[PDB]
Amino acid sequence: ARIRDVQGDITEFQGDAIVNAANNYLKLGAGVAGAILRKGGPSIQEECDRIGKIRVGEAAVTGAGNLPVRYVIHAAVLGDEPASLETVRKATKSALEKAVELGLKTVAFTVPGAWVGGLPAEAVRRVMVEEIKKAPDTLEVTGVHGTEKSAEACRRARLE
C-alpha cells in the first residue's frame, strides 16, 4: 500500500484507524499506549478486556472513543512470548488484514512504539514496511514518527 512518513502525535491523527503495538492481553501500558488510553477514553480498555486474551501475532479491533479516528487496531507483538521479528511480521500482517476486513482507507502506525520493546530498531521497520508494501493501494499507511530525524530514517530505508 502507499506509505507516508510524517512526524507528530499519533493521537492527533484524523484518518480511519491507528495501529497500536500491543501485548496480547490487550492491557494497555505506558508511553504512547497510555496516551491512547487517556485521550481516547476508558471505553477502549474495557473493550480490550471484553475481547480478552488473543494470540501473539494476531490483532483485534476496538472503537477509538474520543480519538479523531474510527477504530484502534491492537497488533499483538508479545506477552505469552517474547517479541520475535517473525512476531512483528505477523502482528503487522494481522494488522493490515483487519484494515482490509473493515475496508479502511487511511491507517497510521506509531514508529518505534511497543514495536521495539527490546528489539533492534532498524530491523523492525525493515520488516514492518515489508508487510505494508503488500497491502492493497486502497490503503494509505502513515508512519507517525516521534522525531523528525526518525522520519528520514523511514525515507532512506525505502530510497534504495
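One-based numbering along the sequence shown.
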* Asked: Comparing 129 to 137 with 59 to 67, where is the mean C-alpha B-factor higher?
  -> 129 to 137
* Structure fact -> Of 43 to 51 and 29 to 37, the stretch with the higher mean C-alpha B-factor in the deposited entry is 43 to 51
* Out of 116, 108, 91, 99, which residue has the highest Cα temperature factor in the PDB record? -> 116
* Ranked against its chain, the third holding the CA B-factor of residue 151 -> highest
